[PDB]
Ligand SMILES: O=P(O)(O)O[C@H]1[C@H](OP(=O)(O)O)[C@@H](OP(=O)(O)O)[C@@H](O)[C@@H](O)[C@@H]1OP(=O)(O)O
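Single chain ahead, written as structure tokens, the form deposited without the named molecule.
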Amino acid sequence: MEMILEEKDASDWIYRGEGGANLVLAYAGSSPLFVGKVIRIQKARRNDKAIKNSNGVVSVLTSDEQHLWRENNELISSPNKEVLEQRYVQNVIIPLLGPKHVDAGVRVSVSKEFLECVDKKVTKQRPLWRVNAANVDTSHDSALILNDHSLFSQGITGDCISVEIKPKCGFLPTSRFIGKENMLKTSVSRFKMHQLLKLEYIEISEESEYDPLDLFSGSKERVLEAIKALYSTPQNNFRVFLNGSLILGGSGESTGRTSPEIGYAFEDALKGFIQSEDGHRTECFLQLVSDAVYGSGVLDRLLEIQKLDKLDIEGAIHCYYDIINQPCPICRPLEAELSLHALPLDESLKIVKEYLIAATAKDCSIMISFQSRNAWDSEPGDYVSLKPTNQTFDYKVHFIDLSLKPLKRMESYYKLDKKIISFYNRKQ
């Protein structure tokens, strides 16, 4: 006794965005049951080896994954990927990050024709650069309904300004399971090293000013610096929305540095939202975002989950091969490595499981939506007061893109890590 989204309904949705796995459409119809919501639809994914089993079938979970995630029977009982991701978020991630900042969503039934319609729609509405990317999987019979976190409330009460950050990893591993030649990993961030490789593959116009160790520092000055740095070189780490509409960033990691032209337009798109004179809104806005980030302490709870990566991939990869019952292709072995192989099967499972949960935390994004208060409105939830403009802003913070990482990807994490540290070493 609910509903199926049909071909008729497809006209009510408009393209908002996409990542590697999902398309996101925002609601544009009149029904109050959907105003201020988005729909998340899974892409058809080939050629992804990590999601196939021994026979090349894209099963919900492989036998190895079922064994690894055994402690939640509800998670392994999922009939499809939509149910799997929702139960992962609800049962594994929400206990860790809290229900306040995480929205598991509501599953909705969709017909093939609805999805075939959305397929054609995204083809027309996508930026030209994304036209050959993977479209909607039309064999799935479900999609996900979520609150649009680019909106504070379903409607407008000034405007809503929404800031989306992909913060990446905010800590450095210990030397405990890192080889002597790779020791720079304990002093230079993964993000900073990755920037060098990305620059070499000319995937970016220049090195990002952003340093995730600033964002997660616990220092209010350093948090501000991180925000300022993200404004200057957004790449794919920083976006700003005006009532759900892009006003900064959004062109992938290839997004250009904020030029005077983009800077000028941004300052004006802030008119009315920040009650400050022309040219001054941008500084006050960055201060606003910095204050909300720091004041919420939402990043402290995210850092702890990232810190579930105890051994680093260099250490963790050994536990992985013990799980899948294969001789280790990595082990001139170290004494630290051999002790890990001596660990009980149960603690070896725990380590890898915690590594994968950590990856979710390292690869997710935060959305901070803002609403300008009136002086005739009563006392506020969570808020930030900008003293120089005498303005109070209500804010909400939500974690998005909290996906379950497949077990076989451990191999990819190692390959990539090996490549990043190798390159960064010989560049010194």
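Rigid core here is just the name for the largest C-alpha set that superposes within 1.5 Å across the two forms. The first residue of the sequence shown is number 1, and the count goes up from there.
Note: missing coordinates for residue 376 occur in a third or more of the other compared entries bracketing this position. Figure legend: residue 52 is marked as unmodelled in at least a third of the other comparable entries of the protein. Counting the unmodelled positions of the deposited sequence between residue 331 and residue 332 gives a small gap of 1 to 3 residues. Counting the deposited residues that fall between residue 380 and residue 381 and carry no coordinates gives a value of 1 to 3. Taking only CA atoms, the mean B-factor in the PDB entry is higher for 335-343 than for the other of 335-343 and 121-129. Remark: stretch with higher mean C-alpha B factor among 260-268 and 191-199 is 191-199. Across the options 361, 39, 367, 386, the residue with the most elevated CA B-factor in the record is 386. The entry lists C-alpha B-factors for 400, 28, 397, 50, and the highest of these is at 50. In this PDB entry, residue 162 carries a Cα temperature factor that places it within the lowest third of its chain's modelled residues. Ranked by Cα temperature factor within the chain, residue 234 sits in the lowest third according to the deposited record. Residue 287 sits in the lowest third of its chain by CA B factor, as recorded in the PDB entry. Among the modelled residues of its chain, residue 325 has a C-alpha B-factor that falls in the highest third according to the deposited record. Residue 171: CA B factor in the lowest third of modelled residues in this chain (values from the PDB entry).
Keep in mind that the form solved in complex with the named molecule is missing from the display, and what follows is about it.
Site status: open, since the named molecule, placed by superposing the C-alphas around its site in the deposited complex, has no atom within 2.4 Å of backbone or C-beta atoms. None of 271-279, 222-230, 91-99, 191-199 except one has non-hydrogen atoms within 4.5 angstroms of the named molecule in the deposited complex; the exception is 191-199. Contact with the named molecule in the deposited complex, judged by any heavy atom within 4.5 Å, is made by just one of 121, 353, 166, 87: 166. In summary, among the residues 236, 348, 290, 111, the only one with a non-hydrogen atom within 4.5 Å of the named molecule in the deposited complex is 236. Interface membership of residue 70, defined by any non-hydrogen atom within 4.5 Å of the named molecule in the deposited complex, is ruled out. The closest heavy atom approach of residue 409 to the named molecule in the deposited complex falls within 4.5 Å.
When the named molecule is considered in the deposited complex, residue 46 lies well away from it, no heavy atom lying within 4.5 Å. Although the partner is absent here, residue 10 sits far enough away that none of its heavy atoms falls within 4.5 Å of the named molecule in the deposited complex. Each of 21, 363 and 413 comes within 4.5 Å of the named molecule in the deposited complex, counting any heavy atom.
Just a single entry of 232, 245, 254, 80 exceeds or equals a 2 Å CA shift between this form and the one not shown, which is 254 (rigid core superposed). After superposing the rigid core, the C-alpha of residue 355 moves by less than 2 Å between this form and the one not shown.
Core-superposed comparison between this form and the one not shown: CA of residue 114 displaced by 2 Å or more. When two forms of a protein are overlaid on their rigid core, residues whose CA moves 2 Å or more are considered shifted, and residue 180 is not one of them between this form and the one not shown.
In the deposited complex, the CA atoms of residue 412 and residue 131 sit closer together than in the displayed form, by at least 3 angstroms.
In the deposited complex, the separation between the C-alpha atoms of residue 254 and residue 363 shrinks by 3 Å or more relative to the displayed form.
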